Structure formats: C-alpha cells, structure tokens
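Dumped target21.tsv below, it's TSV, C-alpha atoms:
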```tsv
chain	number	residue	atom	x	y	z
A	1	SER	CA	-16.54	-4.13	5.92
A	2	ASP	CA	-13.23	-6.01	6.12
A	3	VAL	CA	-9.82	-5.20	4.60
A	4	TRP	CA	-10.01	-8.39	2.50
A	5	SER	CA	-13.66	-7.84	1.52
A	6	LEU	CA	-12.94	-4.34	0.18
A	7	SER	CA	-9.58	-5.21	-1.37
A	8	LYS	CA	-10.50	-3.77	-4.80
A	9	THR	CA	-9.90	-0.16	-3.68
A	10	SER	CA	-6.72	1.57	-4.89
A	11	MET	CA	-5.19	4.97	-4.09
A	12	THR	CA	-3.34	7.51	-6.25
A	13	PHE	CA	0.15	8.47	-5.04
A	14	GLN	CA	2.09	11.52	-6.23
A	15	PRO	CA	5.91	11.71	-6.54
A	16	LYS	CA	7.90	14.36	-4.67
A	17	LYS	CA	10.08	15.09	-7.72
A	18	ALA	CA	9.47	15.09	-11.49
A	19	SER	CA	11.83	12.10	-11.88
A	20	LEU	CA	9.53	9.85	-9.82
A	21	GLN	CA	6.25	8.52	-11.26
A	22	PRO	CA	2.80	8.43	-9.54
A	23	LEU	CA	1.55	5.10	-8.16
A	24	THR	CA	-1.93	3.55	-8.15
A	25	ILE	CA	-2.40	0.03	-6.75
A	26	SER	CA	-4.92	-1.88	-4.60
A	27	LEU	CA	-4.93	-4.65	-1.95
A	28	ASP	CA	-6.12	-7.55	-4.14
A	29	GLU	CA	-4.11	-6.12	-7.04
A	30	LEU	CA	-0.89	-6.27	-4.97
A	31	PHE	CA	-1.17	-9.52	-2.95
A	32	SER	CA	-1.30	-13.23	-3.86
A	33	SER	CA	-1.11	-14.98	-0.46
A	34	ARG	CA	-3.09	-15.20	2.80
A	35	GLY	CA	-0.02	-15.25	5.06
A	36	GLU	CA	1.60	-12.55	2.92
A	37	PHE	CA	-1.28	-10.20	3.80
A	38	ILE	CA	-0.74	-10.97	7.51
A	39	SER	CA	2.90	-9.78	7.56
A	40	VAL	CA	2.42	-6.62	5.45
A	41	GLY	CA	-0.13	-5.36	8.01
A	42	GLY	CA	-3.54	-6.89	7.34
A	43	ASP	CA	-5.48	-8.02	10.40
A	44	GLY	CA	-9.13	-7.35	9.58
A	45	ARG	CA	-10.63	-3.86	9.73
A	46	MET	CA	-8.35	-1.45	7.88
A	47	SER	CA	-8.54	2.36	8.05
A	48	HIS	CA	-7.85	3.78	4.58
A	49	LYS	CA	-4.21	4.91	4.24
A	50	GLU	CA	-3.11	1.69	5.98
A	51	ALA	CA	-4.57	-0.62	3.30
A	52	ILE	CA	-2.71	0.90	0.33
A	53	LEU	CA	0.46	1.48	2.39
A	54	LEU	CA	0.68	-2.31	2.96
A	55	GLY	CA	2.07	-2.49	-0.59
A	56	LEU	CA	5.47	-1.19	0.57
A	57	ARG	CA	5.90	-4.34	2.68
A	58	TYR	CA	5.04	-6.43	-0.40
A	59	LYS	CA	7.59	-4.69	-2.65
A	60	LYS	CA	10.06	-4.46	0.27
A	61	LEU	CA	10.62	-0.69	0.44
A	62	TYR	CA	8.57	0.75	3.34
A	63	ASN	CA	11.66	2.84	4.22
A	64	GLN	CA	12.08	5.17	1.19
A	65	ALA	CA	8.77	4.33	-0.56
A	66	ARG	CA	6.67	6.31	1.93
A	67	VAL	CA	9.26	9.12	1.99
A	68	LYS	CA	10.07	9.45	-1.73
A	69	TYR	CA	6.33	9.54	-2.49
A	70	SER	CA	3.35	11.31	-0.90
A	71	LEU	CA	1.84	8.59	1.31
A	72	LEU	CA	1.80	9.51	5.02
A	73	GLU	CA	2.18	13.16	6.04
```

Would you encode the structure as structure tokens?
Amino acid sequence: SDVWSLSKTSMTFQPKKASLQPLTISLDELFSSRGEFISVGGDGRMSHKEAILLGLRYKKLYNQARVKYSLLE
C-alpha cells in the first residue's frame, strides 16, 4: 500500500497537560495539494507514525507540536 492510497487513516494524540486537547486527524483529511504532500514528508511508502506526523508541517508547528503532545517518544 502507498501513503496516498491509505490516506484515510487517522491517529489519536494525547496532550501532555490538561490545558491541551487531544488530536485526531488523517492524511487526506489534512492535505489539499499534491506538492504540499511532497514537502510535509510524503514520498510513497509511509511507516505509521510518519504519516500522521506530516500534519505538523501542514499546520507549521513541527517544533512544539510533537513536544507539547504525545507523538514521537
């Protein structure tokens, strides 16, 4: 399967503190451009954590988005 083919798969994120709110978005549900997908980090065969994580690049917050929330540990 390809990252674009299986772009309807989302992942649940949990906030580090009570103030923050959990996140749940998918590839197709967070991208609206072919080239856009390229930058964010979408070649072809994605792993699992990589696909969802691409969202940070879309929203422009890969710095504190992966730290403030439980993404990569």

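The nearest approach to residue 55 in chain A among the residues A:30, A:2, A:17, A:9, with only C-alpha atoms taken into account, belongs to A:30.
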
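One distance worth recording is that between CA of residue 6 in chain A and CA of residue 73 in chain A, which is 23.9 Å.
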
Kindly give the distance, in Å, that separates CA of residue 68 in chain A and CA of residue 34 in chain A, rounded to a single decimal. 28.3 Å

Shell of 8 Å around residue 44 in chain A, only C-alpha atoms, local chain residues under 2 positions omitted, as an MDAnalysis selection string: chainID A and resid 2:4 42 46

Can you tell me, as lines of an AutoDock Vina configuration file, the centre and edge lengths (Å, one decimal) of the axis-aligned box enclosing all of range 28-47 of chain A's listed atoms after padding each side by 5 Å?
```
center_x = -3.9
center_y = -6.4
center_z = 1.7
size_x = 23.5
size_y = 27.6
size_z = 27.4
```

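The closest residue to residue 32 in chain A, picked from A:10, A:53, A:19, A:58 and counting all atoms listed in the file, is A:58.
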
Near-residue 11 in chain A list (9 Å; all atoms listed in the file; drop same-chain fewer than 4 positions) as a ChimeraX atom specification: /A:23-26,49,52

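The smallest atom-to-atom distance between residue 27 in chain A and any of A:12, A:51, A:5, A:39, using all atoms listed in the file, is found for A:51.
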
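Counting all atoms listed in the file, the residue from A:8, A:54, A:69, A:21 that sits nearest to residue 36 in chain A is A:54.
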
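Distance annotation: of A:71, A:14, A:28, A:43, the residue with the minimal separation from residue 56 in chain A is A:71; atom set is all atoms listed in the file.
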
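Relative to CA of residue 66 in chain A, CA of residue 1 in chain A is found at 25.8 Å.
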
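Between residue 62 in chain A and the candidates A:15, A:40, A:7, A:33, the tightest atom-to-atom separation, counting all atoms listed in the file, involves A:40.
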